[PDB]
Amino acid sequence: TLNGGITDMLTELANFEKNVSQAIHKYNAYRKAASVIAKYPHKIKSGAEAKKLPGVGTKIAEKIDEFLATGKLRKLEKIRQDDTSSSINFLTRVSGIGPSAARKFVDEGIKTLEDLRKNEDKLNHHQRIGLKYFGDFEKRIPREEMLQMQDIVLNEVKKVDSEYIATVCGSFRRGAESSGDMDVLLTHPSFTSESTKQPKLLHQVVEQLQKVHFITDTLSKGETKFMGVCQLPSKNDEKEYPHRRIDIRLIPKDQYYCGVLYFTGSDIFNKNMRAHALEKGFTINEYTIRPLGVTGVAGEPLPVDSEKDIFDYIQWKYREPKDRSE
DNA sequence: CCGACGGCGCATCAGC
DNA sequence: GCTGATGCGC
DNA sequence: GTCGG
Ligand SMILES: Nc1ncnc2c1ncn2[C@H]1C[C@H](O)[C@@H](COP(=O)(O)CP(=O)(O)OP(=O)(O)O)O1
Ligand SMILES: [Mn+2]
Ligand SMILES: [Mn+2]
Ligand SMILES: [Mn+2]
Ligand SMILES: [Mn+2]
Ligand SMILES: [Mn+2]
Ligand SMILES: [Mn+2]
Ligand SMILES: [Mn+2]
Ligand code: NA
Ligand code: NA
Ligand code: NA
Ligand code: NA
Ligand code: NA
Ligand code: NA
């Protein structure tokens, strides 16, 4: 990280616009600048130098000038000191508490962990779990633990049915040394863009994972998407492992590669690829890649049998997962 | 200069 | 009791 | 906040 100082500043500014100002587009503007700067191979020595990069405009070049000259940013100091900004920023660290709830609680005097505890009755099931594992969720997951988790999921899935295919994606697939969570992409021959809805395809797998006490809690659960909490088995007398966030998505089999691309990310990568795909006349989502008509109507789903196929369609140089960390 | 910047599955609950 | 509205996360 | 239109 030749420009870690600057990108950290841009990221903190982004979380502020998202959590406090509730301006999702400023949030995204800051992350775009941070991302583009993180890819720049030279140590930025001024705002004008950074200004050349797409995503970095007048205001960010100015903020960059102050940071290099002073080593800090006045705007961020004010933010850090402000009681409301700081409280809301802290509360959003709880899974289940977004910008709205955080602002709502603070206006009522609930601004700290203790307060959430005191007013637990006011929290919904998701927020209560988030409070319960506040520390655990902020811990990173060592890749070694991820592998152990990967073995258990594929194995338990296999038990339900040998034709299920579970693929760990997200940062893990990108080869990360550690991950914030575990993202599982699931498929089965019986569920395709046609099929006719197969009831409990995800339920069975979720159910099994709960059976062996791997999944300890549920945040959300439907026919195609599961968000929960899981935990590696604890030897016997040793220290329990930290509880971990787990997301599982069941997608149609014939849409596997678009799904793998999407769920492998990174998020910014997805944003980039989709915008680029539009420049080339295509429209991509997590399920398909379609050409855009002369008028604007999206055509039919094009065939895809590898991630590389998608890169080919948009004339982009294929990039291995480890290179999609933008 | 102004306005697009992605869109959706799931849970909750205000308004009736 | 129901559902349209909104939040949340990704 | 930024950039293309
Ligand atoms: N807002 C968004 N728009 C488009 N795509 C988005 C997205 N948020 C997440 N994604 C996609 C790409 C991520 O690799 C993938 C996993 O989503 P994720 O939130 O688990 C983050 P990950 O990249 O796994 O790193 P880590 O911090 O969890 O270890 O989901
Ligand atoms: Mn150069
Ligand atoms: Mn405020
Ligand atoms: Mn207090
Ligand atoms: Mn992840
Ligand atoms: Mn995830
Ligand atoms: Mn492009
Ligand atoms: Mn403007
Ligand atoms: Na620029
Ligand atoms: Na205070
Ligand atoms: Na949160
Ligand atoms: Na995360
Ligand atoms: Na009521
Ligand atoms: Na409804």
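Quick note: numbers below take in every heavy atom, side chains included, and nothing from hydrogens, waters or symmetry partners. Naming: A, B, ... by sequence-line order, numbering from 1 per chain.
Of the possible polar contacts, none joining the A:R249 side chain to the A:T224 backbone as a donor-acceptor pair under 3.5 Å is found. A:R128 places a side-chain N or O within 3.5 Å of a backbone atom of A:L123 that can act as its donor or acceptor partner. A side-chain donor-acceptor contact under 3.5 Å links A:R244 to the backbone of A:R140. A side-chain donor-acceptor contact under 3.5 Å links A:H125 to the backbone of A:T218.
Of all nucleotides listed (D:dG1, B:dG9, C:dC8), C:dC8 comes nearest to the side chain of A:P99. Among the nucleotides C:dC10, B:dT12, D:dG1, the one closest to the side chain of A:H125 is B:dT12. Distance from the side chain of A:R249 is smallest for C:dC10 among the nucleotides D:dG1, B:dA11, C:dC10.
To the nearest angstrom, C1' of B:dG9 lies 12 Å from CG of A:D247. A straight line from NE2 of A:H126 to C1' of C:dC10 spans 12 Å, rounded to a whole angstrom. Nucleotide B:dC10 holds its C1' atom 15 Å from the CD1 atom of A:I248, rounded to whole Å. The nearest whole Å value for the distance from the NZ atom in A:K18 to the P atom in C:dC10 is 9 Å. With rounding to whole Å, A:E279 atom CD is found 10 Å from D:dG4 atom P. Atom CE in A:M227 sits about 10 Å away from atom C1' in B:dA11, given to the nearest Å. Here C:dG9 presents its P atom at 17 Å from OH of A:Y133, a figure rounded to the nearest Å. Atom CD1 in A:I251 sits about 14 Å away from atom P in B:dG9, given to the nearest Å.
The phosphate of C:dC10 (OP1 or OP2) has a side-chain N or O of A:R245 nearer than 4.0 angstrom. Residue A:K225 places no side-chain N or O under 4.0 Å from the OP1 or OP2 atom of B:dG9.
Residue A:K221 is classed as a sugar-phosphate contact, given heavy-atom separations below 4.0 Å to backbone atoms only. Counting any heavy atom pair closer than 4.0 Å across all strands shown, A:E223 reaches sugar-phosphate atoms only and no base atom. Within 4.0 Å (heavy atoms only), A:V94 reaches sugar-phosphate atoms of the nucleic acid but no base atom. Counting non-hydrogen atoms under 4.0 angstrom, A:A101 reaches the backbone sugars and phosphates but no base. Using a 4.0 Å heavy-atom cutoff across all strands shown, A:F263 reaches no nucleic acid atom at all. Within the 4.0 angstrom heavy-atom criterion, only backbone atoms of the sugar-phosphate kind lie near A:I97; the bases stay farther away. At the heavy-atom level, A:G96 lies under 4.0 Å from the strands shown only through sugar-phosphate atoms.
Crowding of A:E77 atom CD: a count of heavy atoms from other residues, nucleotides or ligands under 6.0 Å exceeding 12. Summarising the local packing, CD of A:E108 is surrounded by more than 12 heavy atoms from other residues, nucleotides or ligands at distances under 6.0 Å. Within 6.0 Å of the NZ atom in A:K271, the count of heavy atoms belonging to other residues, nucleotides or ligands exceeds 12. The 12-atom threshold is exceeded at NZ of A:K235, counting heavy atoms of other residues, nucleotides or ligands nearer than 6.0 Å.
Only the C1' atoms considered, D:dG1 is 26 Å distant from B:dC8, to the nearest whole Å.
Using the six-membered ring where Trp is involved, A:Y133 and A:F137 have ring planes that are tilted, between 30° and 60° apart. Ring orientation note: the planes of A:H276 and A:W316 are close to parallel, at an angle under 30° on the 30°/60° scale.
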Protein-proximity profile, nucleotides 1-7 of chain B, B/S/- by nucleotide at the 4.0 Å heavy-atom cutoff, equals ----BB-

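Within residues 49-62 of chain A, no residue approaches DNA chain B, by heavy-atom distance under 4.0 Å.
Ring-centre distance between A:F90 and A:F105: not below the 6.0 Å cut-off.
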